[PDB]
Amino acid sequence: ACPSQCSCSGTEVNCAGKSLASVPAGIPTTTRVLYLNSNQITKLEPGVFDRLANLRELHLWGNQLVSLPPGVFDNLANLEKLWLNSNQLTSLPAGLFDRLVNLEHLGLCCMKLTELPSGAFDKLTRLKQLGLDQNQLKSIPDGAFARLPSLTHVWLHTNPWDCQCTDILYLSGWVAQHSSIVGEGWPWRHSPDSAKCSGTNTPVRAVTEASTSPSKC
């Protein structure tokens, strides 16, 4: 029972590039792949996806979202790919991704993220690809990647990483350890020195405790 603005066949619903200001009503409950990208959507109602439990791929990139409701994805237990790139988010609510236990790809690039909440990714045991590039992050909270045992590809470049603050040391030691999975481009290419210290141009992985201080935090 397709939204008039969209095309629907099978389990795919394509509403992309239709100048929409909100998520249309009447997206079928059988939908598995939902394209809402490249619109002008300015917010998501809490509840807007409560009925779309069969989603595996959700494309929200290229909209104008400025925050997300904390429980907006809680019913999407089948979700495998989530693309939020190129919105205007500055933060993510605690618990946003907690129910997404089958998620394998998460695109967060090209926003204004300035921090991530501790535990943001703790439930994502299946996550393989995480894009955090081209945001405004200055550090990653301690242990933010410790429960991502499936991660094989991460993008961290093009952030203003603050390597003067002792807060960097989780990320420096993590990239040093996991350098094989740090890269850039689409599809991913290996690029472990692409996370750079915004002040000094030193690779994040090369930062040492002795050069940092808590008073620069």
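Residues carry their position along the shown sequence, with the first being 1.
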For 53-61 versus 23-31, entry-based mean Cα B-factors point to 23-31
Per the entry, higher mean C-alpha B factor between 155-163 and 38-46: 38-46
Using the entry's values, work out which of 173, 187, 70, 183 has the largest Cα B factor. 70
Of the residues 116, 109, 79, 106, the one whose Cα carries the largest B-factor in the deposited record is 116
For the chain shown, is the CA B-factor of residue 135 in the lowest, middle or highest third of its modelled residues? lowest
Chain-relative C-alpha B factor for residue 11 (record values, thirds): the lowest
What third of the chain, by the recorded C-alpha B-factor, contains residue 75? middle
Lowest, middle or highest third - CA B-factor, residue 91: highest
So where's residue 120 on the chain's Cα temperature factor ranking, which third? highest
